[PDB]
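Okay, here we've got a single chain as structure tokens, the form deposited in one PDB entry, with questions on binding and movement later.
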């Protein structure tokens, strides 16, 4: 229950990383089994090959014919080839183990990254505005690389290194005289303690260096963005002198940081030299003079400096483990709770005998932000043109946003045909109704598979039926590549109303039950819209149509309109009556006829 690094670490491993591989089950567990087998084989070879080095030295000092030497030295060169030298040539089986490990690394990275990317298509848009999304994608894929590097380094470069230390200290404690193992243990404990102490002494100097670095960069960048000001008042020498003393003090701080780093290197060198100074325990100390051989010296001198080379790399792991742990908690905690979605059981899709919609007393405020609807209730028969054309506040878009189930509002629930919307599922509502946006964004793809996006699986009718029904067969046959023009925004800007008519073509390829015009054009001239409205309102048919606008040449229904004020209806009138009797829309009509010239 405490805030530490084993309660959450033990909670996230309760069979969560246990079904990590349920896809390639015949031929993926064999890969990790062969990787563990090669890891154990390499840990065995690291102890096995200096024994053969000692055998070569003992056979040279105790002279033998060439048949007892040639196969021995070729087998030694072979067994050293299987484990490489030191850092150089990285061994024969370790890099092969990484070449086999890269496939399951790609598999687990693909799994966790698709899990994140599939999680970020639920959890609603109310939370869809943190302030940015490039930063959350950057911490997302840094977190995926972080968790795969963390698991790889923790299972490959910490635990096998410690196992090599344990098998070496068992070797020195059992097989020479149980005297060298005390030296190895004290030297390695002193090495690790001095390394972590000078590392935690160095981190604050590095942080001060970074703060002085971005301070002395921010002192210069604003001085050079003010070029006109520095060409004024002829004071360039003062600014270059101040930047001179700023970079002087920055060089002083990073000189302190470099002094800390070379002191770390000096302490590691002093510890490894004092540990290697016990090579004088190979002469006249009941060693090598009475009861040991010649190769027992070179075995020590090879194996001690052999097992100390992975201990150099404790630098640039510890900070990497810290950054990987903070990236793991950032990707684990700050991404996955819930926002709004209620897919409760016992839910039929929808009921669609007609196209009615019904409203009863909606009440919502934007989390005590922008004021919005109150006391709105009306009933629309199947097949009707309805306008929401009041002043440009929040209640206009409010009608457009709410029927699509972005968020719940009040105890009262909306009733489309015969069932409330809080009980039924999401996908039937998102499929049976279809809106027309204010502006259409084409993806970086062709024009033909931007019209495809609603239906799916083309079917070879989108250039034949949808392009002709929108009246755009000429312009889809007026492309240099025929119709496959592979630009959405990285090439030519297409037009203003062309994006709206291709959104209407997408709506035709959706075939909705209730269409919600949502601010039809709002960007270009009305002379194109009033000319091509016979094809724009072809999708306007025997179905419920709800349109919002402010250029009121489109609203010519003359049946009933619902001019809104501050999210509150006070008239619930109609077009001829709001031009005649209840003038609020009439005053807007006077100022609009004054606006037309």
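Definition used throughout: the rigid core is the maximal C-alpha set that superposes within 1.5 Å between two forms. Positions refer to the first chain, counted from 1.
What follows is about the form deposited in another entry, which we do not show.
Visitor: Among 102, 170, 274, 465, which is the residue that shifts its C-alpha 2 Å or more between this form and the one not shown, core superposed?
Guide: So the residue whose C-alpha moves 2 Å or more is 465.
Visitor: Would you say residue 314 moves its Cα by 2 Å or more between this form and the one not shown, aligning on the core?
Guide: Shift at residue 314: 2 Å or more after core fit.
Visitor: Rigid core superposed, CA of residue 526 - does it shift 2 Å or more between this form and the one not shown?
Guide: Yes, the C-alpha moves 2 Å or more.
Visitor: When you overlay the rigid core, is the Cα of residue 46 off by 2 Å or more between this form and the one not shown?
Guide: The answer is no, as the C-alpha of residue 46 shifts between this form and the one not shown by less than 2 Å after core alignment.
Visitor: Assuming the CA distance changes by 3 angstroms or more, are residue 417 and residue 347 closer together or farther apart in that other deposited form compared with the shown structure?
Guide: Pair moves farther apart in that other deposited form.
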